[PDB]
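Analysis of the macromolecular model
Single-letter residue listing:
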Amino acid sequence: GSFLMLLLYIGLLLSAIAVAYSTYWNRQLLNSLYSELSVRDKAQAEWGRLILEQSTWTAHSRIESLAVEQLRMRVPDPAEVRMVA
Amino acid sequence: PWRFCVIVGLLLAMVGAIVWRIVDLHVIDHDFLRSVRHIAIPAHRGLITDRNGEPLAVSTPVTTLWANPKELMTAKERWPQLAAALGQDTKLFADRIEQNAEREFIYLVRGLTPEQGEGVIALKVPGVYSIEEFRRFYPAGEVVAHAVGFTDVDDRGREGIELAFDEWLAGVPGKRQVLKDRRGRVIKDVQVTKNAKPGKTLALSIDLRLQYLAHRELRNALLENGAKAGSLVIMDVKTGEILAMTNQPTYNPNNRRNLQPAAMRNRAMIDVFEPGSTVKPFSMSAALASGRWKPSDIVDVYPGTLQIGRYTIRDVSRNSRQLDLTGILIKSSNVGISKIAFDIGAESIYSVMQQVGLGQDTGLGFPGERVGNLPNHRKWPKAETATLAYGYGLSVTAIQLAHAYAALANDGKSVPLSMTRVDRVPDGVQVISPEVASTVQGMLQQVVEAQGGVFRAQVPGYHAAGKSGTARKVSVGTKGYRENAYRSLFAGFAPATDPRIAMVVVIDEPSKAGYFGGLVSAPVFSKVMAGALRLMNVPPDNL
Amino acid sequence: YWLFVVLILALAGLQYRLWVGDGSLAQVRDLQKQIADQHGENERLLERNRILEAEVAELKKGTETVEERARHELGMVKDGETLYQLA
Amino acid sequence: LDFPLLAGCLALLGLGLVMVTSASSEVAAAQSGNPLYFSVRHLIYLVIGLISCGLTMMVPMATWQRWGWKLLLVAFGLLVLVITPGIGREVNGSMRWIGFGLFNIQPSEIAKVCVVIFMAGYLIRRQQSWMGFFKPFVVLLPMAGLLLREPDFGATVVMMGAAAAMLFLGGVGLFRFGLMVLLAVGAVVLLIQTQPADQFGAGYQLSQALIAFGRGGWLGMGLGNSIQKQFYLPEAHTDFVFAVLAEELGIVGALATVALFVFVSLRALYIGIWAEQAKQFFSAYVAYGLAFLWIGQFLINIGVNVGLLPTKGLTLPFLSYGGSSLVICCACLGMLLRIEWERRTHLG
Amino acid sequence: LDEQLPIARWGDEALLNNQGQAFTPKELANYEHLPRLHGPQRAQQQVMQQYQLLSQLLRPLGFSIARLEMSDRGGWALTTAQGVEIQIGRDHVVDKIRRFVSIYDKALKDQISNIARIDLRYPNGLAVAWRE
């Protein structure tokens, strides 16, 4: 039993040091995750800024006017449409 | 040896003093016991998209300037300098700061562009810092303002989908630890307690092309008819999605300065009205579901001035004596609908009207989404039966009226509404048997196509199927209605051969040209289905 | 042999905290996979908004590519064109 | 052997190992690269301490009676070398360590064990005169003078306290004992005469452990969850390792450690009592001295941690970091297990 | 040592392989027949693989790709050996290719001699411009 007690005690010590190492590792991974989420947040901030700048020029009415004026695009006529199934 | 005893006793006394001190400090003074601070990092909202790929509401970074007044008592001589960068009186700014001197967190300016942020912070006044606060921005502008709503300054939903989906869009914030000081300044960012949850992207079922379209010709209808307000709803019949929906007059969600709440009034959900002659198809559905009536039964409606008790059921047209059920729908004969209701009884009428969804609620959950009222009585008073037959004495909003007409167009298989996009085919309740649904679709097709009905509502290259209507708007105070104030209504679906799109068009108080539904809402009906059927990519069936 | 009970209890608690609690290696793998997927969506979103800035760069100076949106949103066609539809 | 004493001391040893592993990871990672630096070196220190305890168990006791003179000769050599420059590094205001590679050596502990051994070897001779009164003082006064010229006050304090107590066991006077105690106190006060909040600075420790205990709680917040040890305290694995243990194991673990220290220390004093009843005066006296040295170090560490006493950057037996302190503690352990062995020779 | 595969040309300067890393050999003018490929500066990772997959997918159509272009916007433009340009569009490239293949096999069997351009930038079908 004495040798069994020694083995159980050293196993407990190994488990405890593993718990400490794993808790520190989890703290490090949480820090890394916060870093990546900050990167994602600033990337989506840039995306939102770009969308805000684009929306003032790609509006529906403006693009309709552009299509009908510059390239002389016209709304399609259902009489002349090749319906294919 | 007693030296043993005295040494052991002294050791135990010191140990007891130590343990007494530690137990005193740990628990007794725990509440009393600048070093470390536990802070919360905010999260950003989700993305609201149309059916396929177009964003409808986005969060944009805005530099927001805040200050810590505890660091700002040292700026007694600097508040006049800082007030110029703000735009407020120096004495007034000093009063504003001093009344909240005890406050630790105070906002100076929000909604400011970053460049002005660096310009203001160039003064380098202690305690002032810049944060990248996210402001919600709406690419579609006023087009989808009512269907998406808006958030408040606190980045919390207030109306529309924003308020309806706060738990889905606005993710839960994250927790962080910092090394604060006496002035609140952070030395080192300590381990994050719990990280923030990103907001989930919600894909609406509204198609922005159809929404742009409907909005365009509906404001065209208002300017052409000179009416006070109006609304329009698009519905897919196979899935119940609200493919498009708009109200007027609209508001710009990105510029909310002095918007009067009736501009915020989402009439497709808040405004109640009697459908009028719009509910004739459900009456016919009940009549043909009972099996007593047939589509080819001649009904006499002369003289068109039927008397019921002390009430008079006036009819619009008194120049037709014998009229079939299709003729009843075409002429909107109140006498004919009254007679058929008397023959069939209002029990089945109310049965089919609750089954389709009229006057009930649907799983949408919007702020101020009204319920309507379809009265239910154990008995059936004759005047009540007549009013239920021809529409009056009842209140239904446009959204569930569109749902009912979609159910009619969906072979009676009513499907619950889903403004969010639907991924799996829903299975609803077979409200109306297929034979009755097909017959009703046929009568609606003849109503829209045959002469004497609504020629303006015919959709080129497509078999339309719709029914007009007019509502005598209800007046508050005077029991009844208000003179010369009628709402034009039209509803239907297309193509009549195999429906895929439903519609309800409502225009409030057209007082210039006329009040007839087929006169006002029919051309809008035809235009919106022309565009929507072209965009929905279904094959035309006329040439 | 009294002290075995305390050692068993302590080892059980330590293993529970090592396999279940916030310090568990299971949470280690959870956070590793979460960060891997997070980085993947970072790189995808960076590619996405880089394409976005490129297209907005073209939008302010050109017009030949606004036809993409003008004929996707509206289905518009030029005069000398024929629509072949599949349904 | 001695099952209960060995179990208690090994509990202390393993608990110190886990405590240093849990408390030194942040500082090791930051200013040393790999996060497992102090812990991995502490494991090696632990194993060599076990080997040294075995070696002291394999070397007879009469050797300390006869071969102690060379032990104090090398102790004097190390105590000279700790003050000379070139073979010593000055860290945190004091050049206490001497380096031979990866094993920094603090000579205070070996000096303490040697001076205890010679005090016992003198007191077995002159328990029963003024010449004896003056003779014992030349044994330890150079120790106190050297260790106080070096910035090391806790070692001199534990030296004086241990010496006074372990004279108090084995022949005490009525007023002359107080006389020698007061002259020793006067000498240390003269040495003090020769050489005489702050949370934003490096004085964070004075209130850090106080607020930590305030937030500790009855059961604690589990293994490695203290928020006052991640870069808040440098070398927290040495001075405030007991505060870290308190935050990590609550009132339960804190009182368990305090009571187990008390148990092992009173067991040391009580096995010294047995040796006294076993007619082994030298063994009894060295046991009393070692036990009182341990209790002095333990009490001063807990007192500085709780805040009842001024700052004393001294290690904790079997818990704090440091190769020299743990090696000497293990050697003392081997000495005590011997004392048990010689006492049991007639029993078994 | 891996040998580069002269399968594609980046503009008129560089040569591309299956992976498409930018390499330039001893002689450049030798490959008149080799297809021309264009793209943004950060596009030596995707244009070549898209060209290869499109060629493999359209091989039963009897179409050999002549020039492939990518605007920085990402919209793809394709030109074939018969001289007709195709505006595939930004996204949904494989869906649009399947749609165009079906439409060509159904209602564009022999109409291969009077098309100015084929525009796939539609969510449902395509538009064909005609030449006299």
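Residues numbered from 1 in each chain as written, not as in the entry; some residues may be left out. Chains lettered and ligands numbered in written order. Heavy atoms only, no water. Residues with missing side-chain atoms left out of burial classes, pairs and counts.

As documented in the archive entry, the model was determined using cryo-EM at 3.8 Å resolution.

Quick notes on the overall build of chain C
Scanning chain C from N- to C-terminus turns up 3 helices and 1 strand. What you see for chain C is a C-alpha radius of gyration of 30 Å, clearly larger than the 12 Å of a compact globule of 87 residues, by over 25%. Its C-alpha atoms give chain C principal-axis dimensions of roughly 100 × 35 × 15 Å. Counting all 87 residues of chain C, 44% fall into the buried class. (Helix = DSSP H or I, 4+ residues; strand = E, 2+ residues; numbered from the N terminus. Rg over C-alpha atoms; globule rule 2.2 N^0.38 Å. Buried < 20%, exposed > 50% of the residue type's maximum accessible area, 1.4 Å probe, protein only.)

Details of empty space enclosed by the protein
A water-sized probe, rolled over the atoms, reveals where empty space remains. As a volume, the largest cavity reaches approximately 170 Å³. In this structure, the largest cavity is lined by 15 residues; those nearest its centre are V84, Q111, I112, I115 and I118 of chain E. At the level of elements, helix 2 (93–107) and strand 7 (115–119) of chain E are the ones that each hand at least two residues to the lining of the largest cavity. Considering only residue class, the lining of the largest cavity consists of 9 nonpolar, 5 polar and 1 charged. In this structure, the second largest cavity encloses a volume near 140 Å³. In this structure, the second largest cavity is lined by 17 residues; those nearest its centre are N537 of chain B, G75 and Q85 of chain C together with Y122 and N124 of chain E. For the lining of the second largest cavity, the elements supplying multiple residues, two or more each, are helix 19 (517–535) of chain B, helix 3 (66–73) and strand 1 (81–86) of chain C together with strand 8 (125–130) of chain E. (1 Å grid on protein atoms, 1.4 Å probe; cavity = no way out; pocket = protein on both sides within 12 Å on 5 of 7 lines; lining within 4 Å. Points joined across faces, edges and corners; volume = space filled by probe spheres on them. Nonpolar A, V, L, I, M, F, W, Y, C, P; charged D, E, K, R; others polar.)

Things to note about the UniProt feature "transmembrane region" in chain B
Following the UniProt record, one finds the feature "transmembrane region" at residues 4–24 of chain B. Structurally, residues 4–24 of chain B is divided into 100% helix and 0% strand, and its ends, taken at the C-alpha atoms, are 30 Å apart. (UniProt positions renumbered as here; feature names shortened; annotations may be inferred.)

Overview of the pattern of salt bridges
This model, assessed by the stated rule, comprises 38 salt bridges over all chains. Close ionic contact of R500 of chain B with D498 of chain B constitutes a salt bridge, the shortest N to O distance being 3.5 Å. Residue classification places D498 of chain B among the partly exposed positions, given a relative accessible area of 44%. Connected via shared salt-bridge partners are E67, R71, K78 and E81 of chain C together with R117, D119 and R121 of chain E. (Salt bridge = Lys/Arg side-chain N within 4 Å of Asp/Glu carboxyl O.)

Observations concerning the UniProt feature "active site" in chain B
Residue and element names in this part refer to chain B. Under the UniProt annotation, "active site" lies at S277. In this fold, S277 is placed in the loop between helix 11 (267–270) and helix 12 (280–290). Those residues in contact with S277 that lie beyond four places of it in its chain are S332, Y390, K467, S468 and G469. (Contact = heavy atoms within 4.5 Å.)

Some thoughts on the side chain of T250 of chain B
All names here are of chain B. With respect to the helices and strands, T250 occurs in the loop between strand 12 (244–248) and helix 10 (261–264). Under the relative-accessibility criterion, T250 is labelled buried at 18%. In this structure the side chain of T250 is engaged in a polar contact, spanning 2.8 Å, whose partner is the backbone oxygen of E142. Excluding anything up to four places from it in sequence, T250 contacts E142, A145, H146, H215 and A263. (Polar contact = N/O pair within 3.5 Å; in protein donor to acceptor, adjacent residues only side chain to side chain.)

Description of the sheet that holds strand 2 (residues 14–16) of chain E
Spatial strand order, 1(A)-1(C)-8(E)-7(E)-6(E)-5(E)-4(E)-3(E)-1(E)-2(E): 10 strands in an open sheet with mixed pairing. Each having just a single partner strand, strand 1 (82–84) of chain A together with strand 2 of chain E make up the two edges of the open sheet. Two strands pair when backbone bridges link them, and strand 5 (residues 76–80) of chain E and strand 6 (residues 85–89) of chain E are joined in this way by 4 bridges, in the antiparallel orientation. Considered in strand 6 of chain E, the bridge of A77 of chain E is made with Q87 of chain E. Those strands touched by helix 1 (residues 47–58) of chain E are strand 1 (8–10), strand 2, strand 3 (36–37), strand 4 (65–70), strand 5 and strand 6 of chain E, and its axis lies near 140° from that of strand 4 of chain E. (Pairing = 2+ DSSP bridges. Axes fitted to C-alpha atoms, helices over the stretch in contact; angles between N-to-C directions.)

Side note on the domain arrangement of chain B
All names here are of chain B. Domain annotation of chain B identifies domain 1 (48–170) and domain 2 (208–251 + 276–364 + 380–535). Taking only C-alpha atoms into account, the centre of domain 1 sits 47 Å from that of domain 2. Contact with domain 1, which involves 15 residues of that partner, is made by 16 residues of domain 2. Summed over both sides, the interface between domain 1 and domain 2 buries roughly 1400 Å², with carbon and sulfur atoms accounting for 63% of that surface. (Domains from an automatic or database assignment. Buried area = accessible area lost by both parts, 1.4 Å probe.)

Remarks on helix 19 of chain B
All names here are of chain B. Over its 19 residues, helix 19 extends 26 Å from the first C-alpha to the last, a length consistent with the 27 Å expected when each residue adds 1.5 Å. With 15 of its 19 residues buried, helix 19 lies for the most part within the structure. Once helix 19 ends, the next one or two residues include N537, with phi positive near 75°. (Expected span 1.5 Å × (residues − 1).)

Overview of the environment of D236 of chain B
Residue and element names in this part refer to chain B. Summarising the element assignment, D236 is placed in strand 11 (residues 227–236). Taking the relative accessible area as the measure of exposure, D236 reaches 12% and is therefore buried. Taking the C-alpha atoms as reference points, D236 and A407, separated by 171 residues in sequence, lie 9.9 Å from one another. Not counting residues up to four positions away in its chain, the partners in contact with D236 are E241, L243 and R500.

Description of the arrangement of the chains
Counting contacts across all 9 pairs of chains that touch, the top-ranked interface belongs to chains A and C. What separates chain D from chain E at the closest point of their C-alpha atoms is a distance of 37 Å, and the two make no contact.

Structural notes on the interface of chain C and chain E
The interface of chain C with chain E comprises 26 residues on the first partner and 26 residues on the second. Roughly 2400 Å² is buried in total at the junction of chain C and chain E, and carbon and sulfur atoms are behind 43% of that figure. In this structure, the connection of chain C to chain E is made through 6 salt bridges. Residue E55 of chain C pairs with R73 of chain E through a salt bridge whose shortest N-O separation is 4.0 Å. Put simply, chain C and chain E have 15 residue pairs in polar contact between them. Put simply, the parts of the chain that give the side of chain C that touches chain E at least two residues each are helix 2 (25–61), helix 3 and strand 1 of chain C. Sort the elements by how many residues they give to the side of chain C that touches chain E and helix 2 of chain C lands first, with 7 residues. Bridge analysis of strand 1 of chain C against strand 8 of chain E gives 5 bridges, and the strand direction is antiparallel. Paired with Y84 of chain C across the strands is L126 of chain E, a residue of strand 8 of chain E.

Focus: the sheet that holds strand 9 (residues 189–194) of chain B
Strand pairs in the sheet, formed through backbone hydrogen bonds, run parallel or antiparallel to each other. Reading across from one edge, 1-8-9 (chain B) is the order of the 3 strands in this open sheet, with antiparallel pairing throughout. Because the sheet does not close on itself, it has two edges, and the strands there are strand 1 (37–41) and strand 9 of chain B. For this sheet, the mean inter-axis angle between neighbouring strands, taken without regard to orientation, is 30°. Note that strand 1 of chain B and strand 8 (residues 174–178) of chain B share 5 bridges and pair antiparallel. In the sheet register, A40 of chain B faces strand 8 of chain B, and the bridge partner there is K175 of chain B. Lying on the sheet, helix 1 (residues 2–55) of chain A is in contact with strand 1, strand 8 and strand 9 of chain B; it crosses strand 9 of chain B at an angle near 90°.

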